[PDB]
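Enquirer: To be precise about what I am sending: the file is called data08.pdb and holds PDB, C-alpha atoms and all ligand atoms.
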ATOM      1  CA  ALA A   1      91.513 108.175 113.542  1.00  0.00           C
ATOM      2  CA  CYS A   2      94.256 105.550 113.778  1.00  0.00           C
ATOM      3  CA  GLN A   3      92.838 102.259 112.499  1.00  0.00           C
ATOM      4  CA  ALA A   4      95.761 100.089 113.606  1.00  0.00           C
ATOM      5  CA  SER A   5      94.486  97.382 111.259  1.00  0.00           C
ATOM      6  CA  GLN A   6      94.725  98.662 107.684  1.00  0.00           C
ATOM      7  CA  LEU A   7      98.497  98.386 108.082  1.00  0.00           C
ATOM      8  CA  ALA A   8      98.618  95.175 110.133  1.00  0.00           C
ATOM      9  CA  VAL A   9      98.547  93.205 106.897  1.00  0.00           C
ATOM     10  CA  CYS A  10     101.806  94.974 106.052  1.00  0.00           C
ATOM     11  CA  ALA A  11     103.330  94.447 109.492  1.00  0.00           C
ATOM     12  CA  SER A  12     104.283  91.033 108.154  1.00  0.00           C
ATOM     13  CA  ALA A  13     106.924  92.771 106.047  1.00  0.00           C
ATOM     14  CA  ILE A  14     107.953  95.419 108.578  1.00  0.00           C
ATOM     15  CA  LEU A  15     108.401  92.947 111.437  1.00  0.00           C
ATOM     16  CA  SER A  16     109.213  89.559 109.901  1.00  0.00           C
ATOM     17  CA  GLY A  17     110.025  90.505 106.321  1.00  0.00           C
ATOM     18  CA  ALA A  18     108.122  88.084 104.101  1.00  0.00           C
ATOM     19  CA  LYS A  19     107.494  90.192 101.017  1.00  0.00           C
ATOM     20  CA  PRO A  20     106.170  93.719 100.244  1.00  0.00           C
ATOM     21  CA  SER A  21     102.775  94.378  98.666  1.00  0.00           C
ATOM     22  CA  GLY A  22     100.980  97.094  96.725  1.00  0.00           C
ATOM     23  CA  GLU A  23      97.843  96.941  98.854  1.00  0.00           C
ATOM     24  CA  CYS A  24     100.019  98.065 101.763  1.00  0.00           C
ATOM     25  CA  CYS A  25     100.969 101.430 100.300  1.00  0.00           C
ATOM     26  CA  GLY A  26      97.290 101.812  99.454  1.00  0.00           C
ATOM     27  CA  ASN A  27      95.964 101.063 102.933  1.00  0.00           C
ATOM     28  CA  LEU A  28      97.897 103.910 104.520  1.00  0.00           C
ATOM     29  CA  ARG A  29      96.211 106.271 102.079  1.00  0.00           C
ATOM     30  CA  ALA A  30      92.830 105.546 103.578  1.00  0.00           C
ATOM     31  CA  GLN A  31      94.468 106.913 106.715  1.00  0.00           C
ATOM     32  CA  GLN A  32      96.571 109.875 105.586  1.00  0.00           C
ATOM     33  CA  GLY A  33      96.042 111.114 109.134  1.00  0.00           C
ATOM     34  CA  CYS A  34      97.337 109.107 112.073  1.00  0.00           C
ATOM     35  CA  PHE A  35      99.783 107.493 109.673  1.00  0.00           C
ATOM     36  CA  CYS A  36     101.373 110.903 109.197  1.00  0.00           C
ATOM     37  CA  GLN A  37     101.526 111.854 112.877  1.00  0.00           C
ATOM     38  CA  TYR A  38     102.526 108.280 113.705  1.00  0.00           C
ATOM     39  CA  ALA A  39     106.007 109.399 112.653  1.00  0.00           C
ATOM     40  CA  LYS A  40     106.325 110.764 116.196  1.00  0.00           C
ATOM     41  CA  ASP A  41     104.996 107.630 117.884  1.00  0.00           C
ATOM     42  CA  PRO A  42     108.000 106.034 119.689  1.00  0.00           C
ATOM     43  CA  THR A  43     106.351 102.708 120.549  1.00  0.00           C
ATOM     44  CA  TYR A  44     105.836 102.068 116.832  1.00  0.00           C
ATOM     45  CA  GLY A  45     109.185 103.635 115.971  1.00  0.00           C
ATOM     46  CA  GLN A  46     110.423 100.187 114.982  1.00  0.00           C
ATOM     47  CA  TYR A  47     107.663  99.978 112.378  1.00  0.00           C
ATOM     48  CA  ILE A  48     108.328 103.295 110.651  1.00  0.00           C
ATOM     49  CA  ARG A  49     112.111 103.100 111.066  1.00  0.00           C
ATOM     50  CA  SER A  50     112.067  99.728 109.323  1.00  0.00           C
ATOM     51  CA  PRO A  51     114.235  98.865 106.283  1.00  0.00           C
ATOM     52  CA  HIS A  52     111.509  97.386 104.091  1.00  0.00           C
ATOM     53  CA  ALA A  53     108.937  99.867 105.399  1.00  0.00           C
ATOM     54  CA  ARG A  54     110.286 102.916 103.612  1.00  0.00           C
ATOM     55  CA  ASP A  55     110.759 100.758 100.534  1.00  0.00           C
ATOM     56  CA  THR A  56     107.118  99.745 100.431  1.00  0.00           C
ATOM     57  CA  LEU A  57     105.866 103.307 100.788  1.00  0.00           C
ATOM     58  CA  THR A  58     108.526 104.628  98.450  1.00  0.00           C
ATOM     59  CA  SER A  59     107.759 101.922  95.903  1.00  0.00           C
ATOM     60  CA  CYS A  60     104.317 103.456  95.794  1.00  0.00           C
ATOM     61  CA  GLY A  61     105.532 107.025  96.165  1.00  0.00           C
ATOM     62  CA  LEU A  62     102.329 108.406  97.657  1.00  0.00           C
ATOM     63  CA  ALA A  63     103.059 109.939 101.057  1.00  0.00           C
ATOM     64  CA  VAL A  64     106.063 109.913 103.376  1.00  0.00           C
ATOM     65  CA  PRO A  65     105.845 110.482 107.178  1.00  0.00           C
ATOM     66  CA  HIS A  66     107.754 113.203 109.026  1.00  0.00           C
ATOM     67  CA  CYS A  67     105.104 115.685 107.897  1.00  0.00           C
TER      68      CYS A  67
HETATM   69  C1  LIG B   1      99.823  97.800 114.225  1.00  0.00           C
HETATM   70  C2  LIG B   1     101.215  98.001 113.704  1.00  0.00           C
HETATM   71  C3  LIG B   1     101.301  98.872 112.493  1.00  0.00           C
HETATM   72  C4  LIG B   1     102.287  99.993 112.583  1.00  0.00           C
HETATM   73  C5  LIG B   1     101.768 101.333 112.173  1.00  0.00           C
HETATM   74  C6  LIG B   1     102.285 101.846 110.864  1.00  0.00           C
HETATM   75  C7  LIG B   1     102.234 103.329 110.697  1.00  0.00           C
HETATM   76  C8  LIG B   1     102.502 103.829 109.316  1.00  0.00           C
HETATM   77  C9  LIG B   1     103.812 104.525 109.147  1.00  0.00           C
HETATM   78  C10 LIG B   1     104.729 103.915 108.140  1.00  0.00           C
HETATM   79  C11 LIG B   1     105.825 104.814 107.647  1.00  0.00           C
HETATM   80  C12 LIG B   1     107.001 104.097 107.054  1.00  0.00           C
HETATM   81  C13 LIG B   1     107.875 104.956 106.191  1.00  0.00           C
HETATM   82  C14 LIG B   1     109.273 105.132 106.715  1.00  0.00           C
HETATM   83  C15 LIG B   1     109.580 106.509 107.242  1.00  0.00           C
HETATM   84  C16 LIG B   1     110.991 106.913 107.209  1.00  0.00           C
HETATM   85  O1  LIG B   1     111.746 106.352 108.076  1.00  0.00           O
HETATM   86  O2  LIG B   1     111.395 107.790 106.509  1.00  0.00           O
HETATM   87  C17 LIG B   1     112.334 107.455 105.395  1.00  0.00           C
HETATM   88  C18 LIG B   1     112.269 108.446 104.351  1.00  0.00           C
HETATM   89  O3  LIG B   1     111.611 107.897 103.236  1.00  0.00           O
HETATM   90  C19 LIG B   1     113.568 109.080 104.115  1.00  0.00           C
HETATM   91  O4  LIG B   1     113.508 110.554 103.913  1.00  0.00           O
HETATM   92  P1  LIG B   1     114.764 111.299 103.257  1.00  0.00           P
HETATM   93  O5  LIG B   1     114.939 110.773 101.884  1.00  0.00           O
HETATM   94  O6  LIG B   1     115.902 111.178 104.194  1.00  0.00           O
HETATM   95  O7  LIG B   1     114.330 112.841 103.181  1.00  0.00           O
HETATM   96  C20 LIG B   1     115.286 113.795 102.698  1.00  0.00           C
HETATM   97  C21 LIG B   1     114.907 114.182 101.337  1.00  0.00           C
HETATM   98  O8  LIG B   1     113.529 114.454 101.303  1.00  0.00           O
HETATM   99  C22 LIG B   1     115.640 115.364 100.878  1.00  0.00           C
HETATM  100  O9  LIG B   1     116.787 114.951 100.177  1.00  0.00           O
END
Would you kindly transcribe this structure into structure tokens?
Expert:
Amino acid sequence: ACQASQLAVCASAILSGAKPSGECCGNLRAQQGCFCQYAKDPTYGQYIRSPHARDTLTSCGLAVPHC
């Protein structure tokens, strides 16, 4: 139901770009709902369309948006 918090911890990488993290790719899983549809969300388009974002999720290889 869109937590908007389980991913915040990752935002550090998406926005700033400190360093990825495994927990990140895991947090989204707990969602597997809004996270998927979020792919359409324009306001957060900068988050999903990030450079390190796709890398983090891909590194895990669990679920990719655009579903
Ligand atoms: C409160 C702030 C937090 C923000 C909310 C976060 C919401 C979670 C969504 C995160 C999603 C990030 C993943 C990046 C999505 C993306 O841009 O897609 C890249 C994708 O991996 C590329 O697909 P592709 O390889 O071109 O697909 C074609 C291929 O399948 C066939 O060859």
Enquirer: Identify, on the basis of all atoms listed in the file, every residue whose closest approach to residue A:50 does not exceed 12 Å; exclude the query and any residue fewer than 6 positions from it along the same chain; express the result as a list in words.
Expert: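 With the cut-off at 12 Å, the set is residues 10, 11, 12, 13, 14, 15, 16, 17, 39, 44, 56 and 57 of chain A.
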Enquirer: Measure the distance from atom CA of residue A:43 to atom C8 of ligand LIG 1 (chain B) in Å and round it to one decimal.
Expert: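 Atom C8 of ligand LIG 1 (chain B) lies 11.9 Å from atom CA of residue A:43.
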Enquirer: Would you pick out the contacts of residue A:33 at 12 Å or less, using only C-alpha atoms, so that residues sharing its chain but fewer than 5 positions from it are not included, and give the list as a PyMOL selection string?
Expert: chain A and resi 1-4+27-28+38-39+63-67
Enquirer: Just checking: using all atoms listed in the file, which residue out of A:40, A:18, A:45, A:35 ends up closest to ligand LIG 1 (chain B)?
Expert: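 Comparing A:40, A:18, A:45, A:35 against ligand LIG 1 (chain B), the winner is A:35.
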Enquirer: Quick check, in Å to one decimal: how far apart do atom CA of residue A:51 and atom CA of residue A:36 lie?
Expert: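 It comes out at 17.9 Å.
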Enquirer: Would you mind telling me which residue in A:9, A:30, A:62, A:48 lies nearest to ligand LIG 1 (chain B) when using all atoms listed in the file?
Expert: A:48
Enquirer: For residue A:23, which residue among A:60, A:41, A:53, A:46 is the nearest when counting all atoms listed in the file?
Expert: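 Answer, going by the shortest atom-to-atom distance: A:60.
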Enquirer: Rounded to one decimal place, report the atom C18 of ligand LIG 1 (chain B)-atom CA of residue A:59 distance in Å.
Expert: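 Distance reported for this atom pair: 11.6 Å.
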Enquirer: Would you mind telling me which residue in A:26, A:37, A:19, A:47 lies nearest to ligand LIG 1 (chain B) when using only C-alpha atoms and all ligand atoms?
Expert: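 With only C-alpha atoms and all ligand atoms as the atom set, the closest residue is A:47.
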Enquirer: Between A:54, A:25, A:34, A:6, which is the closest to ligand LIG 1 (chain B) once you count all atoms listed in the file?
Expert: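 Looking only at the distances to ligand LIG 1 (chain B), the closest residue turns out to be A:54.
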